[PDB]
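Residues per chain, in single letters:
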There are 4 protein chains.
Amino acid sequence: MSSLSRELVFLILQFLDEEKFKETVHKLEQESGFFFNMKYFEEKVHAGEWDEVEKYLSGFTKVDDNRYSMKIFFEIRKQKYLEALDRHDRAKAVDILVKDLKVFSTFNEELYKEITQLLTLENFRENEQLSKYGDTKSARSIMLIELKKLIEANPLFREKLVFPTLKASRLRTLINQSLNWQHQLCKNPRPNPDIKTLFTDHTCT
Amino acid sequence: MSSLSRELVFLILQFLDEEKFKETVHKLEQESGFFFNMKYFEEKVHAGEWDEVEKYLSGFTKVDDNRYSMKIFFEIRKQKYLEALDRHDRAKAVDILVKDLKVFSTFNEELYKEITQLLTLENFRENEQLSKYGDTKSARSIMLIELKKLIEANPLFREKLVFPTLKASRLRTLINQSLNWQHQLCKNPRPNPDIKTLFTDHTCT
Amino acid sequence: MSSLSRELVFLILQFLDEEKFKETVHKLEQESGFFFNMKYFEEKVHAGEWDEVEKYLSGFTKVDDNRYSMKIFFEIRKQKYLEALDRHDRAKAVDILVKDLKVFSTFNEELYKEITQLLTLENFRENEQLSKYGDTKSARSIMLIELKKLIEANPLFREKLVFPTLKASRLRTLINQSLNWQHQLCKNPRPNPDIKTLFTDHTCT
Amino acid sequence: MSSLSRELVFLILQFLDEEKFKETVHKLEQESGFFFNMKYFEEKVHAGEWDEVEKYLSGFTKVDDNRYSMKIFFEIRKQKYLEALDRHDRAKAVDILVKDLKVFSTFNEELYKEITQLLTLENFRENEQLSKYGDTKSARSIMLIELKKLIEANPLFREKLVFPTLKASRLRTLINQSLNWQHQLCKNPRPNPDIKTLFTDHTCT
Ligand SMILES: [Zn+2]
Ligand SMILES: [Zn+2]
Ligand SMILES: [Zn+2]
Ligand SMILES: [Zn+2]
C-alpha cells in the first residue's frame, strides 16, 4: 500500500463513522489494521462478545506475535473459561480449556495444570488467587484495565491508537474539489450546473 | 441520504473491493442496503453460514416485510432444521423449531405441525415430500436455485441487484482531481510538487 | 411351577419382608409375578422412579398385552415427558417422545401428533386439555388414582392384588417342624439337643 | 440375626437360584451381605454395568471402610472416567471426576491432579502410564484380574466368598419334613393324603 492509499482509508473511516455505519467502520479498522479503536474494544469486552473481540484483535496481531499480545489473548480466554464455570456449564469450560487455552501450555506447563484443576472445585473462589472474582461485570471491568495497559505497551499497537485529527467530512470536501474541477473545464460553462453523476465526469451543454 | 452520498458509497464499495477488503465490502452492502451481492449470497449459502446469511439479508428486508422475503427466510431456516436432524442432533433441531420457525406458524398452522412431526422419524426421508433430500451439498444447491428466483422477484431487491458499471478506481481518480485542483491554486507553483497529505489542502512554497 | 412351589415363594416373601430386606422382596414379587404390591407401586410412582416402575410392571405385563396395561404404560411415559418439558429439558423430552412414546402412535396417530406439538409451546399449559397440570407432586398423585383403577380392572392383575393372610413367620414355623422331626428320629435321644446346622439333618450322640 | 436365620437365608438363596430368579438372588446376596458372588461380579464388570457393580458392592463395604475396598472403588470409577474420555464425552468425564473421584483426592492430592489433566489430552494414551489401555473389553478384563485379587485379600470379604456346599433343594427337603410331621399327628390318619396348603397345618378327616 502507498501512503496515499493508506490515508484514503482513514478518510473513508471518518465518512463511514459520520454516516453511522458502525459495523462497517470496525470491519475496516480490522481488515486494514491501520487504527485500533479503544472505545469500541472496551465496549465489546464489557459486553462479553468474545468471538468478535478475538476477531477484531486478529487484524492487529496473532496470538504468538509477542509477549504482550500473548498475555492479552490469554487473559480474554481465561475469563471466557471462568464465566462458563460460573454458569456451571463445565462442558463448555472444558471445550474452552482444550481448544483455546491449550496453546498456552507450552509456555507455562504448571499454570495450565493449575487452571485445569479449577474444574473440580465447587466454586473456583476456593482458589485464593481467584478468591477475588466478584461478579462478571466487575471482573470484565478489572480485566479491561489490564488489557488497556497491555495494548498501549504493545509495540504492534503503540502507533495505531490515535486517530489523526482532521476537519469533518474531509472526503466530501475532496469529492467537491473534483466536481469543481470538472465544471471548470466546461466551456462555454453555465454558471451553476446540475451534476449528472459522480460516476463519470460532469460536462455542460 | 442525498443521491450524492448514495453514489459515494458505491465508489467506496468499488475501492474496498479492489483493495481486497472482502468482509468490509459486505458489511457496507448490508448496512447501506444499496447493493445485494448475489455471488456473495450463493457462496455463503453453499457454506451453510446461516447466521451470516440471515444477517446480510437483514439489511435488505425483515422476515414479514412481504411474501417473497418471508418464503426466503422460511426456506433457509427449514434447511437449518433438517441439517440438525441429519447429524441426529435433535436438541438443536428443537431449538431451531421453536426459536426460528415458530414465527411462521401463524401463517400456516398445519405445515408447522407437519414439520414438527419430523422429529419423531428415524429418518425424515420417511416423509415422501422430503424423500428427495440427498446430501447437504445438494440440498443447499437446489435450495439456492429457489432463493435466487425469490430474490429476483422480490420488489425490495429488484432494484438492488446490478452494480452500476464504472471505470476502475473511480474514487482514486476523483481524489486525484482534488490534488490537481489544490496545486492549480499554488502560485508561484513549482511544476511537480510533493503531497504533504490528503488530510489538509496541498500548497507550494 | 407346582402350587407347592408357588406357595413357598409366598412364605419366602413374608420372611424377607420381616427381615426388612425391602429391595429383595420386590425383585421377587416382580420375577415371580405372583403378587403385585400396590403400596410399593404408589410409593415409587410418587418418587418419580420411572425406570423402576416400568421394571416392576414388566414382571406382570408387557406394554401391548391388553388395553389396560397399554394405557398404564402410556400414562406413565406421558408424565415422564411432561416433567422433562417443565424443567425445560427439551432434549430429554424428545428422547422420550421417540423412544418410549412412539410405540403408541400405531394405535392413535393423531394423539401422537398432538403430544409431539407440545414441544413448541412456551408452556404446555397453553393446551387447554393440559391446562390443569399443577406441580409435579400433584400430577403424579392424580395420575396414581387413575393407575390404581386401571390396575384393579386389569385382568392380568385382578388375581394378584391381595396377599393371602397367614400367621407371622410361617416359614420359620415350618423350619422348626423339620428340626423337631429330625430329633424325634434320634435314639437314644437326649431330651433337648443343640442344632449342628440347617444344612444337614440333626442327630444325637 | 441368629445363626439359624443366617443359615435360612442361604437355603433361600439356593432355592431362588434353582428357580432361576437371577435378579432376586443377587439383591439378597447384597442386602444380607452374607455371600459375595464372584461369578456375578465378573459378569457385571465385563458388561460395564457400573451402577449395579457399585450397588452390589455397597452391601459388603463402604468406600472408606479399609484400604482394599478403597482401591476397588477407585479402580472402578477410574475406568468409568476413561471410557467417557474415549467416546469423547468430556462432559460426562467431568461429571464423574467431581462427583465420584473427588472423594479420593484427600488421600492422594497429586494423583487427582494428574488424572484431572487427562481431560486436556487429544488421547489419554499420550500419558505413558495409560499408554497401555487397548480397547474397553481388554481394559475391563485386565482390571478384573486386579479386582479379584483386591477382593480376595479384603478382610471384609475373605469369609464371604465360598458358598457352603449342600444337597440340592435343601429348603424343599425341610419343607417336606414339616408336611410329614403334620400328617404324622393325624389320627385316624389316611395313608396318603392331599395337602390343603403350606399356609396352615395339614389335617386328615
Ligand atoms: Zn460545467
Ligand atoms: Zn502546488
Ligand atoms: Zn436328636
Ligand atoms: Zn394326615
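As presented, residues are numbered from 1 along each chain according to the written sequence, a scheme that may differ from that of the entry, and residues lacking coordinates are left out. Naming scheme: in the order in which they are written, chains are lettered from A and ligands are numbered from 1. Derived side-chain values reflect all non-hydrogen atoms in the structure, with water molecules and hydrogen atoms excluded from consideration. Residues with missing side-chain atoms are left out of burial classes, side-chain pairs and their counts.

As annotated in the PDB entry, chain A carries the name ASPR2 protein and is attributed to Oryza sativa. The record lists the entry's title as "Crystal structure of the apo TOPLESS related protein 2 (TPR2) N-terminal domain (1-209) from rice".

**Regarding the overall build of chain A**
Basically, it comes down to this: Helical segments are the DSSP runs of H or I of at least four residues, strand segments are the runs of E of at least two, and each set is numbered from the N terminus. For a compact globule the rule gives 2.2 Å times the number of residues to the power 0.38, and the radius of gyration it is set against comes from C-alpha atoms.
A tally of regular secondary structure across chain A gives nine helices and zero strands. Listing every helix and strand of chain A by position from the N terminus yields α-α-α-α-α-α-α-α-α. The C-alpha atoms of chain A give 24 Å as radius of gyration, which overshoots the globular expectation for 205 residues (17 Å, by more than 25%).

**Side note on the coordination of the zinc ion (ligand 1)**
Definition in use: Metal sites are built from N, O and S donor atoms within 2.8 Å, or 3.2 Å for Na, K and Ca, and they leave out water, so they may look incomplete. Under this scheme a four-donor centre is tetrahedral when all angles range from 85 to 135 degrees, a four-donor centre is square planar and a six-donor centre octahedral when opposite donors are above 155 degrees with the rest from 65 to 115, and any other centre is irregular.
Here the zinc ion (ligand 1) is held by the protein donor atoms A:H183 (ND1), A:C186 (SG), A:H202 (NE2) and A:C204 (SG), which lie 1.9 to 2.3 Å from it. One can describe the donor arrangement at the zinc ion (ligand 1) as irregular, given that its four donor atoms subtend angles of 92 to 146 degrees at the metal.

**Side note on unusual backbone geometry**
Backbone torsion omega between B:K187 and B:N188 reads -5 degrees, so that peptide bond is classified as cis. Position of B:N188 among the secondary structure elements: in the segment after α9 (170–183). Despite not being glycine, B:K20 has its phi angle at roughly 65 degrees, a positive value. In this fold, B:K20 is placed in the loop between α1 (3–18) and α2 (22–32). Phi at D:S169 is positive, roughly 50 degrees, even though this residue is not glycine.

**Some words on the relation of the copies chain B and chain A**
The relation between the two chain copies is a rotation about an axis coupled with a shift along that axis. In plain terms, the rule: Here the copies share a common frame obtained from a least-squares superposition of their C-alpha atoms. Residue contacts follow a heavy-atom distance rule, with two residues in contact if any of their heavy atoms lie within 4.5 Å.
Least-squares fitting of chain B to chain A yields an RMSD of 0.0 Å, with the superposition described by an axial translation of 0.0 Å and a rotation of 180 degrees. The operation mapping one copy onto its partner corresponds to a two-fold rotation axis. Taking C-alpha positions as the reference, the residue of chain B nearest the rotation axis is B:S178, at 2.5 Å. Interface overlap between copies is the fraction of interface residues in one copy that are interface residues in the other; for chain B against chain A it reaches 100%, indicating a shared surface.

**A few points about the arrangement of the chains**
As for chain C relative to chain A, no contact occurs, and the smallest C-alpha gap between them is 15 Å. Without any contact between them, chain B and chain D keep their closest C-alpha atoms 15 Å apart.

**Some thoughts on the coordination of the zinc ion (ligand 2)**
For a metal bound by four donors in a tetrahedral arrangement, the ideal donor-metal-donor angle is 109.5 degrees, while six donors in an octahedral arrangement ideally sit at 90 or 180 degrees. All names here are of chain B. So the rule is basically this: For every residue, the accessible area obtained with a 1.4 Å probe (protein chains only) is divided by the maximum for its type, and the residue is called buried under 20%, exposed over 50%, and partly exposed between those limits.
The protein atoms that coordinate the zinc ion (ligand 2) are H183 (ND1), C186 (SG), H202 (NE2) and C204 (SG), at distances of 1.9 to 2.3 Å. One can describe the site at the zinc ion (ligand 2) as irregular: its four donor atoms subtend angles covering 92 to 146 degrees at the metal. Sequence positions of the residues that donate to the zinc ion (ligand 2) give the spacing H-x2-C-x15-H-x1-C. With a gap of 21 residues between them, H183 in helix α9 and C204 in the segment after α9 connect regions that are remote in the sequence. Across this residue pair, the class does not change: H183 and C204 are buried.

**Section: the relation of the copies chain D and chain A**
Between chain D and chain A, the superposition needs a rotation of 180 degrees and an axial shift of 0.0 Å, giving an RMSD of 0.0 Å. In this assembly, 100% of the residues forming the interface of chain D have copies in chain A that are likewise at the interface, indicating an isologous arrangement.

**Examining the interface of chain D and chain A**
Interface size is commonly expressed as the accessible surface area that is lost when the partners come together. Counted only if it meets this: A side-chain nitrogen of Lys or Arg and a carboxyl oxygen of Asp or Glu constitute a salt bridge if their distance falls within 4 Å. A 3.5 Å cut-off defines polar contacts: any pair of N or O atoms within that distance qualifies, except that in protein one atom must be a possible hydrogen donor and the other a possible acceptor, and neighbouring residues in sequence count only when both atoms are side-chain atoms. The classification used treats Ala, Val, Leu, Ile, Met, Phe, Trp, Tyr, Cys and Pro as nonpolar, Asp, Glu, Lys and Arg as charged, and all other residues, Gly among them, as polar.
Counting from both sides, the interface comprises 14 residues of chain D and, opposite them, 14 residues of chain A. Across the contact surface, chain D and chain A share zero salt bridges. At the boundary of chain D with chain A, the tally comes to two residue pairs in polar contact. Of all the secondary-structure elements, those providing two or more residues to the side of chain D that touches chain A are α6 (90–99) and α7 (109–116) of chain D. No other element matches α6(D), which puts five residues into the side of chain D that touches chain A. A breakdown of the residues in the side of chain D that touches chain A according to their chemical character gives seven nonpolar, three polar and four charged.

**Overview of the interface of chain B and chain A**
Our working rule: Accessible area, probed at 1.4 Å, shrinks when two parts are joined; the buried area is that loss added up over both.
Listed by partner, the interface residues are 40 residues for chain B and 40 residues for chain A. Taking both partners together, chain B and chain A bury about 3,900 Å²; carbon and sulfur atoms supply 66% of that area. Summed over the three residues of chain B that lose the most area to chain A, namely B:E31, B:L198 and B:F199, the buried surface amounts to 19% of that side. Counting every contact that joins chain B to chain A gives six salt bridges.

**A few points about the UniProt feature "domain: LisH" in chain A**
Test applied: UniProt positions are given in the numbering used here, feature names are shortened, and annotations may be inferred rather than shown by experiment.
Mapped onto this structure's residue numbering, the UniProt feature "domain: LisH" falls at residues 4–36 of chain A. The span residues 4–36 of chain A is 79% helix and 0% strand, and its two end C-alpha atoms sit 19 Å from each other.

**Examining the side chain of D:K160**
Residue and element names in this part refer to chain D. For the record, the criterion: Working convention for charge: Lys and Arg count positive, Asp and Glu count negative, and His plus the chain ends are omitted.
Looking at the element boundaries, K160 is found in the loop between α8 (136–153) and α9 (170–183). Buried and unpaired, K160 has no salt bridge, with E159 as the nearest side chain of opposite charge at 4.8 Å. In this structure, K160 is in contact with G33, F34, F35, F36 and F60, ignoring residues within four places of it in sequence.

**What to know about the UniProt feature "domain: CTLH" in chain A**
Under the UniProt annotation, "domain: CTLH" lies at residues 34–92 of chain A. With 68% helix and 0% strand, residues 34–92 of chain A has its two end C-alpha atoms placed 34 Å apart.

**A short note on the packing of helix α3 (residues 38–46) of chain B against helix α8 (residues 136–153) of chain B**
Residue and element names in this part refer to chain B. Short version of the rule: Between the N-to-C directions of two axes lies an angle of 0 to 180 degrees, each axis being a line fitted to C-alpha atoms and, for a helix, fitted only over the stretch in contact. When an angle is under 35 degrees it counts as roughly parallel; over 145 it counts as roughly antiparallel; between 65 and 115 it counts as roughly perpendicular; any other value is oblique. Two helices cross in a left-handed way if the nearer one is turned anticlockwise from the farther one by less than a right angle. They cross in a right-handed way if the turn is clockwise.
Close contact between α3 and α8 brings their axes to 10 Å; oriented N to C, the two are set at 150 degrees. In terms of axis orientation, α3 runs roughly antiparallel to α8. The interaxial crossing formed by α3 with α8 has right-handed handedness. Across the interface between the two elements, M38, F41, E42, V45 and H46 from α3 touch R140, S141, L144, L147, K148, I151 and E152 from α8. When its residues are assigned to classes, the contact of α3 with α8 shows six nonpolar, two polar and four charged.

**Considering the pattern of salt bridges**
When the charged atoms of two side chains lie near each other, side chains of opposite charge can form a pair. One pass over the structure, following the stated rule, counts 56 salt bridges over all chains. The salt bridge partner of A:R77 is A:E54, with a shortest N-O separation of 2.7 Å. On the criterion of sequence distance, the pair formed by A:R77 in helix α5 (residues 67–86) and A:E54 in helix α4 (residues 50–57) is long-range, its members being 23 residues apart. With its nearest N and O atoms 2.6 Å apart, the salt bridge here joins A:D201 to B:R170. Taken together, the positions of A:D201 in the segment after α9 (170–183) and B:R170 in helix α9 put the pair across two chains.

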